[PDB]
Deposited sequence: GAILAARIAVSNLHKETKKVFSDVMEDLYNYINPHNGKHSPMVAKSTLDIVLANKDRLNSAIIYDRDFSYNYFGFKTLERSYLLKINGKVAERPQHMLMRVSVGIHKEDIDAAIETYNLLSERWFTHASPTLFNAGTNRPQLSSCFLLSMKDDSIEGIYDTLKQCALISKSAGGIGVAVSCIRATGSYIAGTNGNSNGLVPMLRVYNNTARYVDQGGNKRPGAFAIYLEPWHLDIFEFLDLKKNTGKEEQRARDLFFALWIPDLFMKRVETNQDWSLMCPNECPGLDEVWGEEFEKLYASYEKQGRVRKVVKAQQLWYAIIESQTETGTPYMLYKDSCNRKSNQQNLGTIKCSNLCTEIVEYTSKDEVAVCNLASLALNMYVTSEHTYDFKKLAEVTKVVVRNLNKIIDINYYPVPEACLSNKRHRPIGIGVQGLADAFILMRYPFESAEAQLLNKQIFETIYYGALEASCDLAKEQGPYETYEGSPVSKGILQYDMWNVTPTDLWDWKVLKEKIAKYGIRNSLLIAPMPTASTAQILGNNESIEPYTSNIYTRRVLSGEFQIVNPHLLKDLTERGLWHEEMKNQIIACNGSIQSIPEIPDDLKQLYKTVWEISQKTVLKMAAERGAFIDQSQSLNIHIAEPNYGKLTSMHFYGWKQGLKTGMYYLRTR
């Protein structure tokens, strides 16, 4: 497979022009019909030709050879622009296009970005990679919204918003608690038939079928029916299988589950405003409605708990979000109550009828900052973060917004989401088992570093461009950073005092900064394990384990690993230090996974797309897992449940 990739990359170089500007000209002048349909933007081309000598000479075509086989084949499929079904763009062409698309006339910045991207220190999000240096550059990854109104008018205005966004390659998170339930007066069919409309809309507007995550609060009267919608067994009229499901969960629910108290299901039209308040304020409003008997049904909290867990055991959903933790520990709390997260559970941004929140995303490749000394290069990590911040910050200003509420929101608050990939690789390269105390300090210190670098850059930008419009009155404005909100003290690695002085002086440019996304595609391209996830299995054979065994002349063996679905724990010849290092996710404590998410979480001002891998799950296991996560203060307690 090593040789296979070289052949493939070579073949592509043979079948492509070498000069970057020639490929940019071909792409612009592209003609179908016989209509001039440019595959790149006029502005970008005008700039590329104006700086063609420096831009064409900046590019290092040997870097195309760094891509592994499957990563390279992913690129050809989706990321390299095609003329007439044939690839015109080399990967380096695409990165420079991306680089110039973001940085425009600033050639020094564009080449700085080019070099960082082609050496794979970090990557931008797929939509950026697709559309940067193009007409209608939709570079932002996903979106969040609230139902406009509890009316056919608002419901259908929101459906159109979703259709327009989904057509322009956006994933969606949708808050739907404010919509009235089944059997309810109109001066109502309720939620399930409304969601069927959204479901068919996702199918209709792709090619990848539209990706809509539906967020419901567990007090909603339709909650039990919500939980059935993803089940592969039922009547077509009672189901919606192309949608994705999330619960937006108050502390009060979990408290009453824990104490085996009653739980009241309410109609939002009768019991308004529950999604516009959080914590104590919610608990007062909710209690007060119970005491007014504005309550459509009463169940044991534990009966709803069981149905939540039944649902997850069957489908792996719903996603578990902790509303109160999300709102309490958000720099956006000055804007009002946050009603949902997004498609991937990592983004925690404010929505209103006027505002559709946007996810501007990138990921740092944590593998790259380990030295041959087996030391982590935190300084370099922070330097690259600063660049990504400047890049994402520019993306807000150049992005083509599919609805104007997305534009108003992103410009008002300027949130970004910087993530990571290769966490499990960085541990392996430092010789630290994922669960080890050593991995645990490094986990902490990586995200401390990321958050520090991010803030510094965002502060530098605020010095230059002034603070974001809603900055005054946010927790950061009063000297409160994310770790403060968790009552955590950082390690001695970075000087926060110095940073907090700069922030107090100048402000910051971005309301939020950090959000570890799934990195499902880009991780594969770059040859790293996905996001913050443990090593999923040891089989191609894993390149670090392969290398380690080869070096010890312990490389039959590919076949025994296949025999055990990727474990090397049974195999007797492999020494115990390597076994610890290459435990698969199924041999790794999820309690420790959750603890590590919480520990990082103190330096994550958004949230994390945290999957949970339980091999043989049952009711108690999932109950323990959820309550542990919730009690740790996690914003996202679970993205997908994954099982063996």
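Asks: Point out each run of deposited residues with no C-alpha coordinates, keeping the order of the sequence.
Replies: Those stretches are 1, 34-35, 191-195, 215-218, 552-562, 579-580, listed in order.
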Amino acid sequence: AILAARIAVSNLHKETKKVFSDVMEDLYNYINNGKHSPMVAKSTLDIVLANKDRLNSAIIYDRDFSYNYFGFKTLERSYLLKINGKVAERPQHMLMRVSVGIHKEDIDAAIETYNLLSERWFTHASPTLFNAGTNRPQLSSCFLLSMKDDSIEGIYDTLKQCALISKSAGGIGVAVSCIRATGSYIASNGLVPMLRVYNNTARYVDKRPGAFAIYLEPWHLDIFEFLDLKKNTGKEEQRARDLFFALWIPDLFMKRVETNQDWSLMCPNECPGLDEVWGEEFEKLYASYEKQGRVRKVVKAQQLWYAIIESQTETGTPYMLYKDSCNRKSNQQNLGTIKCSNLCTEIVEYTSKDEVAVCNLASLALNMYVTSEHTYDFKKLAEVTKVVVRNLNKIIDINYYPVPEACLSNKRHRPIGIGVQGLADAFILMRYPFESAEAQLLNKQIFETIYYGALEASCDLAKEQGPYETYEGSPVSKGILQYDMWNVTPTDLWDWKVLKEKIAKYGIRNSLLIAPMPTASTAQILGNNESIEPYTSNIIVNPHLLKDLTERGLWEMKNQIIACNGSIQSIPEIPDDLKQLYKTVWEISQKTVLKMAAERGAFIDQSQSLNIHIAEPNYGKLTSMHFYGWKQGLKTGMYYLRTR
From here on, numbers count along this sequence of modelled residues.
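Between two forms, the rigid core is the largest collection of C-alphas that superpose within 1.5 Å.
Asks: Between 444-452 and 81-89, pick out the one whose C-alpha positions differ more from the shown form in 7 other deposited structures of this protein, using the rigid core for superposition.
Replies: This comes out as 81-89, the stretch further from the shown form in 7 other deposited structures of this protein.
Asks: Do the Cα atoms of 430-438 stray more than those of 569-577 in 7 other deposited structures of this protein, or is it the other way round, with the core held fixed?
Replies: Once the cores are fitted, 569-577 deviates more in 7 other deposited structures of this protein.
Asks: Does the comparison with other PDB entries of this protein show residue 232 lacking coordinates in a third or more of them, where both adjacent residues are built?
Replies: Counting only entries that model residues on both sides, residue 232 is unresolved in at least a third of them.
Asks: Is residue 413 a gap in at least one third of the other compared entries?
Replies: Residue 413: modelled in every other compared entry.
Asks: Can you let me know which of the two, 302-310 or 449-457, has the higher average C-alpha B-factor in the entry?
Replies: Higher mean C-alpha B-factor: 302-310.
Asks: Once you work out the mean C-alpha B-factor for both 338-346 and 544-552 from the entry, which is higher?
Replies: The entry gives the higher C-alpha B-factor average to 544-552.
Asks: Would you mind finding, among 277, 257, 129, 561, the residue with the largest C-alpha temperature factor in the entry?
Replies: Reading the PDB entry, the winner on C-alpha B-factor is 561.
Asks: Among 351, 538, 327, 99, which residue carries the highest C-alpha B-factor recorded in the PDB entry?
Replies: Among 351, 538, 327, 99, the highest C-alpha B-factor in the entry belongs to 538.
Asks: In terms of the chain's CA B-factor thirds, is residue 205 lowest, middle or highest?
Replies: Highest third - that is where residue 205 ends up once the chain's C-alpha B-factors are sorted.
Asks: Divide the modelled residues of the chain into thirds by Cα B-factor and specify which third, lowest, middle or highest, holds residue 399.
Replies: Middle third - that is where residue 399 ends up once the chain's C-alpha B-factors are sorted.
Asks: Hey, what third does residue 380 fall into on Cα B-factor, ranked over its chain?
Replies: Middle third.
Asks: Split the chain's modelled residues into thirds by Cα B-factor; is residue 626 in the lowest, middle or highest one?
Replies: CA B-factor rank for residue 626: lowest third.
Asks: Lowest, middle or highest third: where is residue 612 by Cα B-factor in its chain?
Replies: For residue 612, the deposited C-alpha B-factor lands in the middle third.
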